[PDB]
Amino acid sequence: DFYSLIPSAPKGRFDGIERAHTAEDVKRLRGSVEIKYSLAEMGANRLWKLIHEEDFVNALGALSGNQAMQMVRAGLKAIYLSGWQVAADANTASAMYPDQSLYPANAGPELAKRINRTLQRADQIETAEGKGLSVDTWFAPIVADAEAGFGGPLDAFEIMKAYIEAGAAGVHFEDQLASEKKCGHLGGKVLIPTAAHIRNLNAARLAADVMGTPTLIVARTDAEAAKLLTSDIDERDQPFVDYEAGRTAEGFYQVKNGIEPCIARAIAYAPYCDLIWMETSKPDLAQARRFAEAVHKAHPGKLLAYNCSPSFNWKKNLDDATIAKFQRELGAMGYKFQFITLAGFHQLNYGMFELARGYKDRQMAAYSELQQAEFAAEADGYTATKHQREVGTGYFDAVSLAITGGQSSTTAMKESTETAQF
């Protein structure tokens, strides 16, 4: 039925998934020609496989293709794409922003394309060398942040399509007001009605069906911390509304936050998504268990996702042994996609700060230490020390030789210093 509209969709893919629209709606709305989105198909099927096969799938937020590549090289099986990081250092306004849906709605998909393209080059490099891949596949699935959909259902519809074209495997949408969107761990968050978010999720699903891809949808609730709500029109929200307190000057309703609205919303969103995610204030396994248990009484076996946030101070909140076991324990509760949202930002910024500081103090000695550390990391699989090969110089050499039937006088690698000193 829907399975014939999404040919790559595996058996069971849409078990327990409801749609507001019909199969006929999809045919009517997808135009007259078949256009393939291969990287979206592959990515979404591979993610589906991974989350059902592994203990759990864990990821880090990448802010560049290069970061994604090294993640995959090191053996990670998925890539997370943070909207927070897109705002900070990788968006289409070429500015640094806080995490408030300030940048243009195309930014996220543009980064997802960047990441897939770098992985494609990684793949082309190793395929040309003819000794097989150094990894399972270069095309690890990307799970990406669509924030609040950048407005209404149609904005959700459009960003979902954009992500699919860019080759993302999964996409997450949160029940905040786009016009006042915040980082989950900032104050002042404003919820939209349960129904209004079900519409965005359904828009995402319609986009996927219309593109013909089995793209995963992750529903996120920001209700643990959020104390404001745009409208009480939905009876499911009304019980958490503090009527005595009245409306704010902006017209917002005031609500009781915490695990209870997260449970209610999560259960109401369950049929319209593939994974559910509750933002939390602290890395708390007991809270995580409590949420997992309540969701699973209503929807046994529902797959969950968890944000291992750098907005948390880890060693303050937890002891060393709990830190060690954290993701493993979450995995056994059903949290099959886990991610450190802002890893890329922290790694990039600390690393460069520490190098620039050392460079100021001792100039070239500071750089030699990095280089030597790079050299020592090769036993463990690091290859970027040979930077020419890494970025594809040898691949493009072989492209040249094939074009000229071998007779190019201007090949790069033979007389390089990389060949002579590495």
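One rule holds for the numbers: they count along the sequence shown, beginning at 1.
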Which is higher on mean Cα B factor in this entry, 158-166 or 185-193?
185-193
Stretch with the greater mean C-alpha B-factor as recorded in the entry, comparing 86-94 against 194-202:
194-202
Looking at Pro214, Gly344, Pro300, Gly151, which has the biggest Cα B factor in the entry?
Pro300
Highest Cα B-factor in the PDB entry belongs to which of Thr127, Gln100, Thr322, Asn307?
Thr322
Place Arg73 in the lowest, middle or highest third of its chain's C-alpha B-factors, as listed in the PDB entry.
middle
Cα B factor band for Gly358 (lowest, middle or highest third within the chain):
highest
Considering only modelled residues of the same chain, in which third does the CA B-factor of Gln67 rank: lowest, middle or highest?
lowest
For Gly251, the third of its chain into which the C-alpha B factor falls
highest
Could you look up the Cα B-factor of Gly381 in the entry and say which third of the chain it sits in: lowest, middle or highest?
highest
